[PDB]
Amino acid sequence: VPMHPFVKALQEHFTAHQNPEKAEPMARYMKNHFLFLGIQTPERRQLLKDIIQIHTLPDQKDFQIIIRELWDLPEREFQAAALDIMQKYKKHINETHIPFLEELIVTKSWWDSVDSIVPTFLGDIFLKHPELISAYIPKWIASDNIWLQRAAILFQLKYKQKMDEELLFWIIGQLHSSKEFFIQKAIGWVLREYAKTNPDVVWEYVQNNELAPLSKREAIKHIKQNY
């Protein structure tokens, strides 16, 4: 049972606004891994602010506590709300939080949570602390947890000109032989995105290094006309 007053309040307010007809297609979209209340993102964020303005954003001492309690509730809107709350504490998230973010990645895992945790929060941490990459990324690749492997691929997604090209291509080479849908997809995604910045090096990489066909097609889909 949740015991933090903010979480109890958010649970009551969200639950009061559930829509079972809406919850069904929302849950099916996430392959029925999760129950849903049936609250889509615009309403969900207004209902969150309803609770924040009563209680005030909780002291930062509680932020992990609050996110963990929301992560433990069954309906997916509580994890989506938890991510919205993390965005409000961005300032206080730093390298000491990497293990916490790891736990979130591997608990109630799916693309909707992992893709929100990794490029923003881990991306920012490793930009400030790039000497720490080697303590996490190799371990994530070797874990055969597909969401930590996707995290290794995607933490640089939004780096643009900050991209560590040699590291990106090494990570991709370690994972190119994965059968996994979400790994083949992530490789295609990061290569297509980085090609917006550095197309020539993505072209050369894809022409000289093995990739699954889905990944290769995605990587080059907006630059192949130039070569």
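Throughout, rigid core stands for the largest set of C-alpha atoms superposing within 1.5 Å between the two forms. Start at 1 with the first residue shown and count on from there.
Put simply, when the other structures in 9 other deposited structures of this protein are lined up on the rigid core, the C-alpha atoms of 215-223 lie farther off than those of the other stretch, from 215-223 and 21-29. Per-stretch averaging of Cα B factors for 205-213 and 9-17 places 9-17 on top. On average the C-alpha atoms of 31-39 have higher B-factors than those of the other stretch, with 31-39 and 166-174 being the two compared. Annotation for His55, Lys185, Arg192, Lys160: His55 ranks highest, by Cα B-factor. Among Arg150, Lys108, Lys139, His92, the highest C-alpha B-factor recorded in the PDB entry belongs to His92.
Ranked by Cα temperature factor within the chain, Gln79 sits in the middle third according to the deposited record. Annotation for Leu73: C-alpha temperature factor in the highest third relative to the rest of the modelled chain, per the entry.
Among the modelled residues of its chain, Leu104 has a C-alpha B-factor that falls in the middle third according to the deposited record. The PDB entry assigns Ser143 a C-alpha temperature factor belonging to the middle third of its chain's modelled residues. The deposited CA B-factor of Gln87 belongs to the highest third of values across its chain.
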